[PDB]
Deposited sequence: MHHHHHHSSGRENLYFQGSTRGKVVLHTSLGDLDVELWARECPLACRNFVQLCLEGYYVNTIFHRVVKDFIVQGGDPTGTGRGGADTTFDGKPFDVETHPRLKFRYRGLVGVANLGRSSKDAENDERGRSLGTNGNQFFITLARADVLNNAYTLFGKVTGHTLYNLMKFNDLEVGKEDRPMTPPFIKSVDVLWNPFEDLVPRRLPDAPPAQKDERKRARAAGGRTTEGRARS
């Protein structure tokens, strides 16, 4: 059982989307700044009702901007300052379902999830989580959306609620709680 957990990840969140749940396991040891910012926002209710404002087929889906415009998400947990990209030799964008920090140039609160292998994103973006094999079928529905101008889904899916099943940061205190 769990005492014998063999994964390299620490922490797990469930994004309950309008297209089904995505369970995100986190590389908290390797990417502590991206993971702390992401988990803390999830606890505070920042991502509730946020849409996925970009789908680029067989490439990425992007969300985590409360303005819904694609330009928001700069109000980070680190007193609103951007944070550094975090890389790791063993974390590469080799598969669908890999979760990265999006930057417009500097890291904020928006994230993206790969819909296919995407080597071009290596080293340039923090790869901080992974959608579990069991929930990839929901992720792949995003790949099937009708898209309009600027890669915007005609009907943007959205995050209904977020449950932090395993918070890997014993000292994180959310600044507020969900509305």
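- Missing from the model, relative to the deposited sequence, are the ranges 1-11, 116-131, 207-232.
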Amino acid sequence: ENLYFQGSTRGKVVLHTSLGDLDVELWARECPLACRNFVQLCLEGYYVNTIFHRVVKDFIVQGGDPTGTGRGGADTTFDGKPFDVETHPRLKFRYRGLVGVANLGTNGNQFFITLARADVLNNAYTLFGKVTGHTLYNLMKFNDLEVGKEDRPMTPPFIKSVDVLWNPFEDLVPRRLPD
From here on, numbers count along this sequence of modelled residues.
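- Look at the mean CA B-factor for 68-76 and for 90-98 in the entry; the higher one is 68-76.
- In this entry, 142-150 shows the higher mean Cα temperature factor of the pair 129-137 and 142-150.
- In the deposited entry, the Cα temperature factor of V48 sits in the middle third of values across the chain's modelled residues.
- Remark: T155 belongs to the highest third of its chain, ranked by C-alpha B-factor as recorded.
- Among the modelled residues of its chain, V120 has a C-alpha B-factor that falls in the middle third, as given in the PDB entry.
- The deposited CA B-factor of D163 belongs to the middle third of values across its chain.
- Split the chain's modelled residues into thirds by C-alpha temperature factor. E25 is in the lowest one.
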